[PDB]
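Novice: Here's a structure for you.
Please treat every number below as a calculation from the coordinates, not as lab data. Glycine also receives a Cβ, built like all others from the backbone with ideal geometry; neighbour counts cover every protein chain displayed.
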Amino acid sequence: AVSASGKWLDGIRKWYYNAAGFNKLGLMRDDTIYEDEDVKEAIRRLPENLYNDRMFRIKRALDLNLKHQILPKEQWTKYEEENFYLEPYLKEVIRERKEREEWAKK
Amino acid sequence: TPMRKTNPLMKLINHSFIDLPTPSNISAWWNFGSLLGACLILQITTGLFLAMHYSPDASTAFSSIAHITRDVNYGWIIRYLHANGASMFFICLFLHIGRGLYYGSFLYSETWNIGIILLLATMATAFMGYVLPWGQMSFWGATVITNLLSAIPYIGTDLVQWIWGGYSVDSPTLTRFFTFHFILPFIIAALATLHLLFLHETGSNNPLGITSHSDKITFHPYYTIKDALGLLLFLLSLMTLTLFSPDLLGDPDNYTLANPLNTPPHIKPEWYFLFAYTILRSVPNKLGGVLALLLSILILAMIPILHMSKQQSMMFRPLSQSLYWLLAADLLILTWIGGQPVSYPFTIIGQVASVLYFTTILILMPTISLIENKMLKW
Amino acid sequence: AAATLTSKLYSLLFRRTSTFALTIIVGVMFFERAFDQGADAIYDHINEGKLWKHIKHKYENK
Amino acid sequence: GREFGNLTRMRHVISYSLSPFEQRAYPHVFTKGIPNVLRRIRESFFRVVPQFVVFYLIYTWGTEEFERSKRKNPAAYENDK
Amino acid sequence: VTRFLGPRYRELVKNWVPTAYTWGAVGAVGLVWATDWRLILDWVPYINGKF
Amino acid sequence: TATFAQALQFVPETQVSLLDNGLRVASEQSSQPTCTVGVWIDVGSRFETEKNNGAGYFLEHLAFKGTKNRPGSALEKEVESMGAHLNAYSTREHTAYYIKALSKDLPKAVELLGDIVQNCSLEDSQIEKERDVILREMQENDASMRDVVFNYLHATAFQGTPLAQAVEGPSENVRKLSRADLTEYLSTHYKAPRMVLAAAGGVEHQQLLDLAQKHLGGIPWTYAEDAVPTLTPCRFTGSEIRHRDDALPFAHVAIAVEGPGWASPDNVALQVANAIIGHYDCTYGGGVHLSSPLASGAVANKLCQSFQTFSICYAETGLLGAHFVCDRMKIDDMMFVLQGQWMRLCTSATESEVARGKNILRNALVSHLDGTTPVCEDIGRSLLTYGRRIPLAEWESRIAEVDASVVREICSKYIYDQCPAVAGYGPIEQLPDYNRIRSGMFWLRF
Ligand SMILES: CCCCCCCCCCCCCCCCC[C@@H](O)O[C@H](CO[C@H](O)CCCCCCCCCCCCCCC)COP(=O)(O)OCC[N+](C)(C)C
Ligand code: HEM
Ligand code: HEM
């Protein structure tokens, strides 16, 4: 609930965001998430163009990892640049699982 | 219609080797796994030619090895390739487990558990095999390790004498250890087949941690020569350890005959066990030291349960990476402490190192994982 | 119309496999002792005056 | 059921390549290779080394402390008398 | 882990209780016989071929 | 407004008059112009010997093609003139005839029954026509599934039992039946007190009673030579029939265990269990993991194409069980699910599922009884075995009594560790051999 200290939180989140290396590979935040079955169904529900963008950026990341190189500095993902595309879908899936479970315990 | 697809043996080789998809971006660390697969063969073949002269009687076990190192032609190279070979085996083993702990490979829980059981098997094998030469450290190590079994509260000594085959360590114990040492590695091989069996229906993990289905590639063209180079470097480091400095990973005193009467000073077990041994040195209680010992290796099974991060690899999560290298440094600390006589400086550092070794991976790692979760806004 | 003993026996012990394994184990418990002492008694009976445990009388209990 | 035809769906990601014989085994090593290895090591440093340095510190301190107590023990007999 | 507790799970565990004690009896008596445990076997009325 | 306790009571009680000849008149008042009137004779396929297996079904075909009082074409002309929809059927246990017309037309129908049952001319040309008609009908219904598979299920379950043979009778037999055999069947079966007149709907009772006496009062209640055909107890068997024929698109398996007779309490709880196992079809959008757990198994990796859980019941004996269509490759898997469901009710029966089953069962028993025909058939079929009509309030009183422990107790009593009867019309090969099924009837964990 902090104010300016919350801006400080934005600062440390930005620094930690640059501490994570996926920006070096062009990845969006959501590409990095571990793909358990909930995430699997979450990816299944993605719109085709977005799913294509995801698969291609994943290939670009793996390909850069092949030759142990790095994406050029101009092309790095920026902290404000990201679109958190997978969140609504994954939240729908997880909420559905929690609903099925809460029904299942009764 | 290739013949690989027709004949069943060529089918299975077409699966396990020639054609199975792998992530393209696999690095040098995964190679260690295959290296272990290689090491076992060496440890068999080489060892197979030591069994042809070794006599497992207590009265002649030492002189027979003198017969191998001296009288037998080219016996000493087999001796040293074998002994150093076990050390390289555990080095590749530790690096392998560290690789599996670092990149979040433990999520393949069944493969993980088979790896743990196979680990305990290799440990028992190395122990009984180290008992075989029948030197000072060999005999004494056996007495010290065996007594731990005596720790168990009710069954204890009856069970311990059941291992000894007598009141005290002697020839029958040596013969028994020769048999189990002979038999265990092949069981380790069958487990390894199970290990690869569970492994391949999901596929090998990649360093990024993201699924690599978009960039799968056949194993034969690339990783066979990559593993050829890794095996070549392995033989390089092994032959350099054997032909230039055979002894330094070993311990003098083994070249002396075992004395049931006399007792050697430093009494240090061979290096790969040392850290575990420190834990025995750390807890004053007997049974408590035994349970802490069993927890020291079992603890690996609890790791998947303790996982909290929504990612696999540490590489995108630097804080946990720092905890990881703290853990490695701590293992170096214990490994060094195992080589030292009890004294004020050592006992305090050993206890702190052990407690830190348990607390860093039962407490700090999940919590900083949660912190890494909150920092990334999900 | 009298009930067979198996009609109640099955209704009690055999109806659940856990009780089935249990009664099997107790059955082994008694059968081991009974059958062992029986076979021992028989083998002791065929060759009287041969076994040394019966020859102990020349020197036992002072 | 995870043969290459059975794998993930993916769409218009065109890829280019060359024959190994058409290209030398060690392109641009001096100009691009070494600096790459350097940025890699520079990323690795602070995340790896210092904790090992802490190991060196605890090591030297423990050795100096054991060696100190051991040889000052007769010196402890000296201040004793 | 929290999900496992619940109104029907209590019912289920209660349904499997008799089976649980029964197999527990199976493991206990089976262990006592496999080991020739002397302590309880001294107490049993007929199984006393042990001296 | 809406409530159970009153709404159960608004349903009228059914009067049951007794004629001197023993015929059982019955009725249920309502305020609608339409009413159905029928005679549910107790006679069924169970009674025939192999000598005359086809008699009841064949007479079911020519009960009203002709009659001694009026020409048959004139009769059908009359019923068609009334707008009435006369209809008939013959089950293994219960023959039945009924009419479907306005209350204004009520008397005219009643006497017609008093014709159709009491006297019907059996011209040899008509019977000779019905011969080839039935012989080709035999070629007709074979193409259909389901009924064939249940017929194998009965032939399996009973074998030497009189209940075992099909209502249609063997094709070899039907061409051999004589008119004399039919008059024999008629003289020896269709009579009071087996007969039960019933007329739920707009029918006022007293009119039904007078009309019953006037025409149905003439039926004899005395067997000739005192040759009473007493009903006999029926043995059950655990055998199986396994017809194959691999060219068919689907295997069509049906499995069944021995069940309680028509007049025992246990059936009620069993019905609830059947509500739990749940009937299903893949045409529904309600599938996927939703609906019945057996349906949730039917559609996940995609198993059962369509299935239903049934509890056929006769006097003394019955058949609990299940029935499913299947693809060739999945025939085993659907079994593994099915039996598991049984086992789940044989042990771990949670209360909420039992509650859902009770609600489904109540909804079923109420939904069945809408309309005039279902309640006439209800009064008839209920009077033929139970006596009474066993009122719906008593039904909910007996359903509310059901509890999960009762469910698991009775299901253990009839399902657990019992020998299954199996009828599988093919293609079949992956269907488990009978020992695998019999061993599939019990867990080693419990
Ligand atoms: C070197 C070669 C070694 C092998 C030697 C072979 C020797 C030949 C004999 C082996 C085979 C004989 C066959 C024995 C009968 C078959 C067993 C099977 O039929 O039992 C079934 C079930 O198997 C067992 O009966 C289940 C109970 C298991 C009891 C376990 C007792 C403790 C064993 C502990 C051993 C653990 C290993 C420890 C080693 C250290 C019963 O089937 P079924 O009757 O139709 O259904 C159950 C009916 N209910 C409802 C009444 C229960
Ligand atoms: C993973 C598998 C194995 C490992 C890690 C291993 C390890 C060892 C070790 C550490 C020693 C002690 C030698 C010394 O310190 O001087 C040893 C000795 C011995 N090994 Fe192995 N071993 C393995 C498998 C085998 C196999 C398959 C054989 C088959 C014959 C074998 C036969 C022997 C013999 C006979 C000795 C004692 C002879 C001597 O030391 O001169 N070992 N082994
Ligand atoms: C002699 C000992 C061992 C042998 C021969 C062996 C064999 C193999 C082989 C051939 C692979 C293929 C992938 C690779 O090489 O990286 C592999 C992977 C793997 N191993 Fe081992 N292994 C051994 C010990 C262990 C141990 C002790 C563990 C864990 C404590 C373990 C856990 C794993 C895991 C989790 C993988 C999956 C790799 C991935 O996900 O990418 N193994 N093993």
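Novice: Can you tell me the Rg and the Dmax, both Å, for the Cα atoms in segment F:77-164?
Specialist: 17.6, 49
Novice: Next question. Of the chymotrypsin sites (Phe, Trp or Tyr not before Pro) in segment D:4-81, which ones lie in a loop per DSSP and count no more than 11 other C-beta atoms within 10 Å?
Specialist: D:16
Novice: Shifting gears a bit: Given the peptides C:43-52, F:234-243, arrange them by the average over their residues of other C-beta atoms within 10 Å, most packed first.
Specialist: Final packing ranking: F:234-243, C:43-52.
Novice: I would also like to ask the following. How large, in Å, is segment F:7-73 by the Kirkwood hydrodynamic radius built from its alpha-carbon pairs?
Specialist: Radius from the Kirkwood sum: 16.0 Å.
Novice: Let me ask something else. What residue among F:65, F:358, F:104 has the largest mean-square fluctuation in a Gaussian network model of chain F, using Cα springs under 10 Å?
Specialist: Between F:65, F:358, F:104, it is F:104 that shows the largest mean-square fluctuation.
Novice: Give me a comma-separated list of calculated 3J(HN,Hα) values for segment B:163-176, in order, Karplus coefficients 6.51, -1.76, 1.60 applied at θ = phi - 60°, integers in Hz, x for any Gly or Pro.
Specialist: 6, 4, x, x, 5, 9, 4, 6, 4, x, 5, 5, 5, 4
Novice: Can I ask one more? At 222 nm, what helix-only mean residue ellipticity would chain B give, in deg cm²/dmol to the nearest 500, using -39500 (n - 2.57) for each DSSP H run of four or more?
Specialist: Result for chain B, helices only: -20000 deg cm²/dmol.
Novice: Which whole-number value in Å³ per residue fits the convex hull of the alpha carbons of the protein assembly as shown?
Specialist: 353 Å³
Novice: Follow-up. Would you mind getting me the FRET efficiency between residue F:356 and residue F:138? Use the beta-carbon distance for r and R0 = 51 Å, nearest 0.05.
Specialist: In this case the efficiency is close to 0.75.
Novice: Please compute P(r) over all alpha-carbon pairs of chain E, binned at 10 Å starting from zero, and give each bin as a whole-number percent.
Specialist: Here the calculated profile for chain E is 21, 30, 21, 16, 11, 1.
Novice: I've got another one for you. With each run of n ≥ 4 DSSP H residues scored as -39500 (n - 2.57), what mean residue ellipticity at 222 nm is computed for chain C after dividing by its residue count and rounding to the nearest 500 deg cm²/dmol?
Specialist: Calculated mean residue ellipticity at 222 nm is -19000 deg cm²/dmol.
Novice: Let me ask something else. Please give the contour-minus-distance gain from residue F:228 to residue F:430: 0.36 nm per residue of separation, less the Cα-Cα distance, rounded to one decimal in nm.
Specialist: The residue F:228-residue F:430 span can extend by a further 67.9 nm.
Novice: Can I ask one more? I want to check the label-to-label distance for residue B:5 and residue B:155. Put each point 7 Å from Cα in the C-beta direction and report it in nm to one decimal.
Specialist: Reported label-point gap for residue B:5 and residue B:155 is 5.4 nm.
Novice: Kindly state, as a whole number, the per residue volume in cubic angstrom of the convex hull around the alpha carbon atoms of chain A.
Specialist: Considering the Cα atoms of chain A, their hull volume per residue is 140 Å³.
Novice: Please compute the modelled spin-label separation between residue E:14 and residue B:237, points set 7 Å along Cα→Cβ, answer in nm with one decimal.
Specialist: My value for the distance between the label points is 6.1 nm.
Novice: Sticking with this one: At 10 °C and a viscosity of 1.306 mPa s, what translational diffusion coefficient does Stokes-Einstein give for chain D, taking Rh as the Kirkwood radius over Cα pairs? Give it in µm²/s as a whole number.
Specialist: It diffuses with D of about 79 µm²/s by this estimate.
Novice: So what's the angle, to the nearest 10 degrees on a 0 to 90 scale, between helix B:365-375 and the longest Cα principal axis of chain B?
Specialist: For B:365-375 against chain B, the angle is about 20 degrees.
Novice: Give me the mean projected area, in nm² to one decimal, of the convex hull enclosing the Cα positions of chain B.
Specialist: Here the figure is 22.2 nm², rounded to one decimal.
Novice: Across the Cα atoms of segment B:137-249, what radius of gyration and what greatest pairwise Cα-Cα distance (Dmax) are found, in Å?
Specialist: For segment B:137-249, the Cα-based Rg and Dmax read 22.4, 63 Å.
Novice: Using just the alpha carbons, could you tell me how many Å³ per residue the convex hull of segment F:245-355 encloses?
Specialist: 115 Å³
Novice: Could you work out [θ]222 nm for chain F from helices alone, using -39500 (n - 2.57) per DSSP H run of at least four and dividing by all its residues? Round to the nearest 500 deg cm²/dmol.
Specialist: When only DSSP H runs of four or more count, the value is -12000 deg cm²/dmol.
Novice: What does chain F give for Rg and for Dmax, in Å, if only its C-alpha atoms count?
Specialist: Cα radius of gyration and Dmax of chain F are 23.5, 70 Å respectively.
Novice: How far is it, in nm, from the label point at residue F:111 to the one at residue B:59 when both lie 7 Å from their Cα along the line to the Cβ?
Specialist: It works out to 12.6 nm between the two label points.
Novice: Counting each pair of different Cα atoms once, what's the Kirkwood radius of segment F:239-442 in Å, rounded to one decimal?
Specialist: Averaging 1/r across every pair of different Cα atoms and inverting gives 17.9 Å.
Novice: Could you give me the ³J(HN,Hα) list for segment B:197-204, computed from phi with Karplus coefficients 6.51, -1.76, 1.60 and θ = phi - 60°, whole Hz, x at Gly and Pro?
Specialist: With the stated coefficients, segment B:197-204 comes to 5, 5, 4, 7, 7, 10, x, 5 Hz.
Novice: Give a quick list of GluC sites (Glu not before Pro) in segment F:366-418 that DSSP marks as loop, anything other than H, G, I, E or B, with at most 16 other Cβ atoms within 10 Å.
Specialist: Sites meeting the loop and neighbour criteria: F:401.
Novice: What FRET efficiency comes out for the pair residue A:99/residue B:297, r = Cβ-Cβ distance, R0 = 35 Å, nearest 0.05?
Specialist: 0.25
Novice: While we're on this one: What do you get for Rg/Rh over segment F:14-227 if you use C-alpha atoms and the Kirkwood form of Rh?
Specialist: 0.98
Novice: Apply the Karplus parameterisation 6.51 cos²θ - 1.76 cosθ + 1.60, with θ equal to phi minus 60°, to every residue of segment F:331-338 and state each ³J(HN,Hα) to the nearest whole Hz, in sequence, with x for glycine and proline.
Specialist: 4, 6, 4, 5, 5, 4, 5, 4
Novice: OK, next. Rg to Rh ratio, chain C, alpha-carbon atoms and Kirkwood radius?
Specialist: 1.35
Novice: With r defined as the distance between the Cβ atoms of residue F:301 and residue E:35 and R0 fixed at 30 Å, what FRET efficiency is calculated, to the nearest 0.05?
Specialist: So, using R0 = 30 Å, E works out to roughly 0.05.
Novice: Okay, moving on. Between their Cα atoms, which of A:14/D:32; B:310/F:302; B:216/B:377; F:65/F:100 are more than 23 Å away from each other?
Specialist: A:14/D:32; B:310/F:302; B:216/B:377
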